[PDB]
DNA sequence: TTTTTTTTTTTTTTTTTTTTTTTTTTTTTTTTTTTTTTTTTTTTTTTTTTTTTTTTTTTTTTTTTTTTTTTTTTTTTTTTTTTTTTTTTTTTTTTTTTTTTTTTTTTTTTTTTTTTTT
DNA sequence: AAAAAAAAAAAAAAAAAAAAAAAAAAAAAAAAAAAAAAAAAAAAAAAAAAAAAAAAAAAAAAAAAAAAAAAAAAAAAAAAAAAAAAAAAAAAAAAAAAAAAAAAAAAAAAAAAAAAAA
């Protein structure tokens with residue numbers, strides 16, 4: 001569910017009874033877009049080049 | 001002035017191909033039906049002192065049939081080879097980010113004309 | 001000849017989509033190491049076999065830990081209410097083979113035309 005009540009976002013992911021929750025969260029970080037890689041590439045025009 | 005040769009698009013309608021309407025089979029999806037978990041209380045089950053008469057282990061000795069035993073020849077075990085499956089590098093493809101180039105649609109409102117049905 | 005529906009005029013309401021360019025991630029499909037599994041060789045520990053043996057069940061009998069009886073008291077589990085999880089039953093569906101209608105090529109032959117001969 002999503003419960004974003006304009007008081008900060010709130011995505012509720014209820015975990016099943018036969019699960020640890022931390023393992024589910026680690027799997028979500030590994031697989032889903034809860035963790036992303038930001039590739040820095042600092043290119044800018046210096047003296048018009 | 002009359003008469004002669006040639007050229008193509010039409011009378012074309014039929015053969016071939018394409019396009020457009022169709023409906024059998026394996027993959028989704030909503031329903032009922034059966035596995036799970038938490039409370040009340042409830043007679044009911046079950047934990048823990050005391051006494052008691054019991055029935056199996058430890059003095060001692062006996063034997064016999066399972067523990068000794070050696071040896072032949074099997075046959076499971078191991079070796080090499082090859083096939084089948086599993087699993088991971090490799091490659092390919094696709095999506096999102098932010099400024100650019102391009103486009104495309106659905107309805108109100110009135111009045112008049114085409115364009116089908118009865 | 002009556003009814004009905006499309007379409008077009010111009011100011012209004014409101015939407016949708018395709019690509020380029022680089023760099024990173026995520027699916028998804030392949031070669032290729034790598035180890036189970038299986039067929040077919042020789043090979044070698046185990047059962048057989050036999051004689052020979054001595055270690056633990058019987059038997060006598062005391063006695064000492066015991067399982068039933070009695071009592072008090074604690075409170076686990078069972079059945080009845082509700083409330084969720086998860087799987088077969090049945091029905092539906094999108095591509096997909098089958099059929100039918102329209103576009104392009106085909107030549108047989110002639111109307112009209114253009115051109116030229118004597």
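Using just the helices of chain A, give the 222 nm mean residue ellipticity in deg cm²/dmol: DSSP H runs with n ≥ 4 each add -39,500 (n - 2.57), and the total is spread over all residues, rounded to 500.
-6000 deg cm²/dmol
Using a Förster distance of 35 Å, how high is the FRET efficiency between residue A:43 and residue A:19, based on the Cβ-Cβ distance and rounded to 0.05?
Rounded to the nearest 0.05, the efficiency is 0.20.
Report the far tail of the P(r) of chain A, meaning the percent of Cα-Cα pairs longer than 18 Å.
Everything past 18 Å amounts to 59 percent.
Treating the angle as unsigned and between 0 and 90°, give the value, to the nearest 10°, between the Cα long axis of helix A:22-31 and the longest Cα principal axis of chain A.
40
We did not get these values from a lab; they are worked out from the coordinates using the rules stated. As a convention, Cβ positions derive from the backbone with ideal geometry for all residues, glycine included, and neighbour counts pool all protein chains shown.
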